[PDB]
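Below you'll find only one chain, the form deposited in one PDB entry, shown as structure tokens.
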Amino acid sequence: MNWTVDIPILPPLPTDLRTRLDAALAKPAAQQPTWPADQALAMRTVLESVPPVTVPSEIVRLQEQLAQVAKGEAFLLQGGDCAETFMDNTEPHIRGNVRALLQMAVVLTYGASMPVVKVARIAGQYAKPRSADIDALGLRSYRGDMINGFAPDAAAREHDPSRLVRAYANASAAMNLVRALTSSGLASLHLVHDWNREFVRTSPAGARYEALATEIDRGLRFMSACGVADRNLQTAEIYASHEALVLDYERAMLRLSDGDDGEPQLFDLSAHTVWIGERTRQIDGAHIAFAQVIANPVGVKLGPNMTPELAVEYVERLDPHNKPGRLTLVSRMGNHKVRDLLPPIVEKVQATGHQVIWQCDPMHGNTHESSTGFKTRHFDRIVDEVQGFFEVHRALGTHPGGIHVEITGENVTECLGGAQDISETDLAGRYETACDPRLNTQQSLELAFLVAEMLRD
């Protein structure tokens, strides 16, 4: 059946912000759903008065934490599903993904010797681009639950604007849980580290990670021995992110800030931070213009065809004021290319004077199709791209700022390798992703161990 919401019935935007927003959205937009303009407008009119998913003073705080990242005084961890679905938007799946990110944070905080800014891909990662409008079954392609349905039939693939509302309801629901969990006990550093201790005990490669787990453990005991005040160990902040892709959803989630802090700006309150993907980063297109008008922190994906010069253009358009950490540039090159392609981008951007975050995405450049027909990534390539991203920064004297991974708390079978030795035949058991293969819980924690050893190197 259906539930039903009302299309509703206040000071207008500041004149310059109206002008600028309309000039942004007048530009060409790639990868947009194709539904009618009237039905879209009704849906945006619903979203324009819902309670936001985030609030501006959180975005201001995240921006300050990311400036520390940009200055080399913190490390950025971002991860969660490749594609959230409505049907898997459930308490166990959310807790599971929050717990996996947390588990990784413990180990990276200890390896980096500095705070880790924890950013979940969650509460709105419901839209994807596609290179092909017709997929391999010859159906109109799945573009994520905010657009159409996974089910491999033609009605299910029709673009349905009512998905904008269901996507918001599902997002704000998740966010409520993520906040409940982070403040009420899941994020206690003691509990989360006990889980890491249970992984080291049962993992097939646990003997390799025992020494570092033991050190963290004596580190934690050292704290209670010296009598530190411990409430800061009880809770952590998990922020929300997703690809800003569907411009009808992002424009309708825009809100003007109150001016008490800074003079009023437009924040996208569908998320704390958002990024712009490889297929939508046209320099003069609507997504880059949009990013330029919102106050949030933003990132741009940079793949193997990126030039140093285009990089610098992104930095000048998106960090026009030189605000450390407003712009993250998220390298995804493939492990076999990172060490060649990244260095001259980093040099040209470092010489601008701006302070970007350098972030490694070691997933999206390392995808292949298995003999068994599944889209998969090999753990050792994902690892090796991070290795090589660390080598580039070390050679340059610049900061390996963080990683951006697709992970889950579930024990799926989606990426090959790890300690578990996920084989091509194994992929059949629990291939559950609605899009790209994610590291399972064990694989994601193994990678934090390995990355903790790069941070220590």
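In this text, residue numbers run from 1 along the sequence as written. The term rigid core refers to the maximal set of C-alpha atoms that superpose within 1.5 Å between the two forms.
Not on display, but discussed next: the form deposited in another entry.
Measuring CA movement between this form and the one not shown with the rigid core aligned, the set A132, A155, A229, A211 has one residue at 2 Å or more: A229. A change of 3 Å or more separates the two forms for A229 and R197: their C-alpha atoms lie closer together in that other deposited form. Relative to this form, the distance between the C-alpha atoms of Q234 and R95 is increased by at least 3 angstroms in that other deposited form.
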